[PDB]
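Okay, so here's just one chain, in structure tokens, the form deposited in one PDB entry.
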């Protein structure tokens, strides 16, 4: 049998006509019923002798379009989720008896879609390989369920959940998880939901806090004897930024003539051989502490 589909709030026309009417055969009455599937309840009746009858609760939403001996077609207005079910149309005739046809009514609903990030702060620490939630994509109260997916360059794993609501709509939820990293920071994650031929997209960017990646600038390989005023600068790539800096060497402390001031190691000069060595910067932010090195050799 036929299947009709319509969205909540719209109207459907349910066709029902009597094929080959004969001079012999006479149409007595045309009857629409709804089977909520054992239960038959009467919806609307058309009797040529007595006119039209639409029963509650359909009195304001149902109507015959062109009620006649041959046409029992009706419009069901302002669809409701509960309109779903099987509809039977019956022509009672004499002396030949009953002729019935059936159809299925499915009611459809467009979902409400939205992405959301975690309220938690994302942290990237070595030794932390824990995958965590970074975003949730929801398609709520749709029918049939929509398809949810993700667009991103991030390398994570998505989990999917489908909730069957009491009213027959389905909520689809996807949860995106990854182990937070320095490279993930500021990067984008989009959730995509496909319903029929519609396509919804919403994006967000990740905020990921990570310990310092430190490098040392300043040594140009031309630190010649007697040169004046050279310095090393500790570059701490850190989110949030480093709060604290500490300089040391591989063999002990700093030499006389080398002064530390936060991220800078000043070599006032004149440069001499006793300044060669390996200089280390230890940088600290709220996430952790990391070191960086530079090997200084004195030239000329």
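Numbering follows the first chain given and starts at 1.
Using only C-alpha atoms and the B-factors in the entry, which stretch averages higher, 48-56 or 24-32?
Averaged over C-alpha atoms, the B-factors run higher in 24-32.
Select between 5-13 and 273-281 the stretch whose C-alpha atoms have the higher average B-factor in the entry.
If you average the C-alpha B-factors of 5-13 and of 273-281, the larger mean comes out for 273-281.
Just to confirm, going by the entry's C-alpha B-factors, which of 177, 227, 75, 143 comes out highest?
Each of 177, 227, 75, 143 was compared by C-alpha B-factor; the highest is 227.
Based on what the PDB entry reports, which of 191, 88, 170, 121 has the top C-alpha B-factor?
Out of 191, 88, 170, 121, the record gives the largest C-alpha B-factor to 121.
Which third, lowest, middle or highest, does the CA B-factor of residue 254 fall in along this chain?
Ranked within chain, residue 254 CA B lands in the highest tercile.
Could you look up the Cα B-factor of residue 239 in the entry and say which third of the chain it sits in: lowest, middle or highest?
CA B-factor rank for residue 239: middle third.
In terms of the CA temperature factor given in the entry, to which third of its chain does residue 136 belong: lowest, middle or highest?
Ranked within chain, residue 136 CA B lands in the lowest tercile.
Name the third of the chain's ranked CA B-factors that contains residue 106, choosing lowest, middle or highest.
It falls in the bottom third of the chain.
Could you place residue 147 in the lowest, middle or highest third of its chain by Cα temperature factor, using the values in the record?
Residue 147: CA B-factor falls in the lowest third of its chain.
Although it is not shown, the form deposited in another entry is what the next lines describe.
Considering only the rigid-body turn between this form and the one not shown, which single choice in 193, 208, 79, 85 is at the hinge?
Answer by hinge criterion: 208.
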